[PDB]
Structure formats: structure tokens, C-alpha cells
Amino acid sequence: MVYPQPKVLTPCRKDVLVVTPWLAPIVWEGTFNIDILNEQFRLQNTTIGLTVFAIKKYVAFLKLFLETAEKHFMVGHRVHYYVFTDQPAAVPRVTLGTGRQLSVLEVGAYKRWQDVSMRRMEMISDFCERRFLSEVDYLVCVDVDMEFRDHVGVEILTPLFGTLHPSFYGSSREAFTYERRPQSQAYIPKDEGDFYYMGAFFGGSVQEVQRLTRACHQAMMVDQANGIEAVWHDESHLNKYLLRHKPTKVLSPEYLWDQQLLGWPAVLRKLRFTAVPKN
Ligand SMILES: O=c1ccn([C@@H]2O[C@H](COP(=O)(O)OP(=O)(O)O)[C@@H](O)[C@H]2O)c(=O)[nH]1
Ligand SMILES: OC[C@H]1O[C@@H](O)[C@H](O)[C@@H](O)[C@H]1O
Ligand SMILES: OC[C@H]1O[C@@H](O)[C@H](O)[C@@H](O)[C@H]1O
Ligand SMILES: [Mn+2]
């Protein structure tokens, strides 16, 4: 199988950081050859599960989410969508490519938006436990208020990954809106932190995502019993987890963007997965 030779003295991306200081790749266009990666993942018959919550009104976001995932997400690989919803009948029946399936998991609806967002960790954890284990190799956990606009593939796959929050990738850490109160399990001292990861897109092997979600859930319970809610809820706890358990890949903001709020800067060669306007 024949492709351009990587040249040691002529890096493709010179404008951005492409590896973290613990040697995890930062995934940007021009750092990867998808043909090589597709072959590596196909030879293992990799199955990717994608979890998405659509509780109450967010069922309205599923049709575009799913149609655009069919176009752009892991195309050519085996995919299992897990749609968590309080309204199984409102899931649109989208036609899927071969080797792709969708399961609907009915769950309860929490009243507050915070708890719906926060209780995802518990629900991914869940107990949807020996089920994710037998069914898929990797789990990808995303917001439903989104659409795919370009390739999201096996380049993201790794034991544990997070995604750079699009409104903080160019900032310094004291500007990061981590939880700064030490009463919270989510507390990160002001002199600490690598990146600000966004809550809408994380994943990894099933064992690592279960660890993560179990820890974030146990940490959120400790805070509740202590009468505190972290400033950005699950995102706060995700950031704390990924500080202490560093991801083995970091996705660039190509993988989580909002063209309406942020435009299309030159540093972004593709906008792959983006926010859909809402109230
Ligand atoms: O009433 C709700 C509130 C939240 N969510 C889920 O939790 C995610 C996070 O909430 P949201 O996207 O509202 O937060 P934002 O990204 O706007 O900060 C959503 O994408 C949905 O998957 C849901 O299904 N129904
Ligand atoms: O600072 C953290 C916050 O930043 C905002 O831009 C975003 O809308 C929130 O969802 C949260 O991520
Ligand atoms: O406020 C908490 C929320 O933060 C948003 O930025 C993120 O997209 C959501 O997944 C949720 O974590
Ligand atoms: Mn969202």
C-alpha cells in the first residue's frame, strides 16, 4: 500500500502543537494518514460504540446527529450507536450503512438540566457494564446537539482521549475555568493543568471509559453529600480526571467547534463536528 513518505526534516504542521509533553498525539489535519490507520483498525475488526443522550426536548437533535454520523463518523468500520432517551418512540429511524447498528436505551429524565448532563457518567457507567464490554472495543461519548460536517474516524481511537475546548485552546491555564474551590473533588490548584477539555467529546477503550465515568460519578456524589456543585458540572470533573489520568490522545478543536461563535480560523483546516444552534 503506497503513500507520501514522511520527511523527518519537513514537518507537515509547524503552526500547532501536535504531541503533548507526555507524548500523546494532538490530532490535527495533516498529522495523520487515514489509509494507514484504517488498515490498522480494520485488521482488528474494530467496533466503535457511540453514546449520545437525548432526554426531553433533545430528541429533536437526533435526526441530524444520526444522518451526519452516517456520512462522517467511522465510515467503513463497525459502529454501534447507543441512544439514551426517555422517549424511545421519538428516535428517528435513520437508514444505516452496512455493519452499523443502533440501540435505544430507555432511561429516566432528571428535572434539572445539570443533573441530566451530570448523570450521563452514571448512566454510561451505568450499569451498562458487561454490555459495552462484549459489544465494542471503543466507546465515544458525545453531546447530541451537534452535527458532523467532516471526517471523524479511527485517528481518534486510543485508550483514553479528551478534546480541547474551542474557546480555550489559545489560553493560559489561570484563565481556565476549572473548579477552583478546594471543597470540590473537582478542585484543580491555580498552578496546575495541561489543557481545558470539553465535556461534549471524550472516549477511549471500554475499560478506560468505564473507569473515567465511574470516577467522575463517585466524585460528583461526594460533592453532593458535601453540598457543593462544581462550577461546570461534569466538565469540571472530566478535567480533573484527565489532569490526573492523562489522555493517550488529545483531539484538536477541529473535533468540537462552533462556527457561529468562533468563525473558521486558518489554524482549523477542517471543522468536523460542530454545535447546532439552540436556546
Ligand atoms: O434536557 C436535556 C439536557 C441535556 N441533555 C444531554 O446532555 C448534553 C449536554 O447538555 P447541553 O448540550 O445542553 O450543554 P451545552 O453543550 O449547551 O453546554 C446534551 O447534548 C444532551 O445530550 C439532554 O439530552 N436533555
Ligand atoms: O468555561 C467553561 C464553559 O465555557 C463555555 O464556553 C461553554 O458554553 C460551557 O458549556 C462551558 O464549557
Ligand atoms: O456545563 C457542563 C457541560 O459543559 C458543556 O461545555 C459540555 O458540552 C457538556 O457536555 C457538559 O459537560
Ligand atoms: Mn451541547
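When a ligand or atom number is given, it counts from 1 through the structure's own listing order. Below, all heavy atoms of this structure are taken into account, side chains as well, without hydrogens, waters or symmetry copies. By convention here, the first residue in the shown sequence is residue 1.
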Does [X], backbone or side chain, put an N or O under 3.5 Å from an N or O of ligand 3?
X    : value
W113 : no
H165 : no
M198 : no

Please write down residue, atom name and distance for the protein heavy atom closest to [atom].
atom                    : value
atom 18 (O) of ligand 1 : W113 CZ2, 4.2 Å
atom 3 (C) of ligand 3  : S117 OG, 4.1 Å
atom 13 (O) of ligand 1 : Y58 OH, 2.6 Å
atom 9 (C) of ligand 1  : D143 OD2, 3.7 Å
atom 2 (C) of ligand 3  : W232 O, 3.5 Å
atom 24 (O) of ligand 1 : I55 N, 2.7 Å
atom 12 (O) of ligand 3 : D234 OD2, 2.6 Å

Worksheet item: List-wise, which protein N, O or S atoms are found short of 2.8 Å from the Mn ion (ligand 4)?
Response: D143 OD2, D145 OD1, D145 OD2

Discussion item. I need the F202 CZ to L160 CG distance, nearest 0.5 Å.
Written reply: 9.5 Å

Practice prompt. Quick one: pull up CG in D115 and CH2 in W113 and give me the separation to the nearest 0.5 Å.
Written response: 10.0 Å

Check whether [X] reaches the backbone of [Y] with its side chain - one donor and one acceptor, N or O, closer than 3.5 Å.
X    : Y    : value
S134 : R130 : yes
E155 : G153 : yes
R173 : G193 : yes
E179 : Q185 : no
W28  : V267 : no
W257 : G263 : yes

Discussion item. Surrounding CD of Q260 (heavy atoms of other residues, nucleotides or ligands, distance under 6.0 Å), is the total greater than 12?
Written reply: no

Worksheet item: So with a 6.0 Å cut-off around NZ of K190, is the heavy-atom count from everything else above 12?
Response: yes

Worksheet item: Hey, what else clusters with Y178 if you join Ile, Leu, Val, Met, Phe, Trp, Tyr whenever side-chain heavy atoms sit under 4.5 Å?
Response: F168, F176, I188, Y196, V231, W232, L243

For ligand 3, the portion of [X] having any non-hydrogen atom under 4.0 Å away:
X    : answer
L238 : neither
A200 : both
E235 : both

Discussion item. Please tell me whether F273 and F201 form a close aromatic pair, meaning their ring centres lie under 6.0 Å apart.
Written reply: yes

Discussion item. Looking at non-hydrogen atoms alone, which of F53, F61, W232 comes nearest to atom 6 (C) of ligand 1?
Written reply: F53

Practice prompt. Please work out which of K57, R112, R119, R120 has its closest non-hydrogen atom nearest to atom 8 (C) of ligand 1.
Written response: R120

Response to the item:
Correct closest heavy-atom pair for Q210 and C128 would be NE2-O, 3.8 Å

Worksheet entry | Taking every non-hydrogen atom, the tightest pair across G199 and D143 | O-OD1, 4.4 Å

Fill in: Test: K63 and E67 ion pair at under 4.0 Å
yes

Discussion item. Taking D150 first and then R269, would you say they form a salt bridge - that is, a charged N and a carboxylate O separated by under 4.0 Å?
Written reply: no

Atoms of ligand 1, numbered as shown, that sit under 4.0 Å from any heavy atom of [X]:
X    : value
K56  : 1 (O)
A54  : 24 (O)
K278 : 13 (O), 15 (P), 17 (O)
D145 : 12 (O), 16 (O), 17 (O), 19 (C), 20 (O)

Worksheet item: Using 30° and 60° as the class limits, which term best fits the ring planes of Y197 and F195: parallel, tilted or perpendicular?
Response: perpendicular

Practice prompt. Go through ligand 3 atom by atom and flag the ones less than 4.0 Å from a non-hydrogen atom of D143.
Written response: 8 (O), 9 (C), 10 (O)

Worksheet item: What part of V116, side chain, backbone, both or neither, has a heavy atom within less than 4.0 angstrom of ligand 1?
Response: side chain

Worksheet item: Should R120 be listed as contacting ligand 3, given a heavy-atom distance under 4.0 Å as the test?
Response: yes

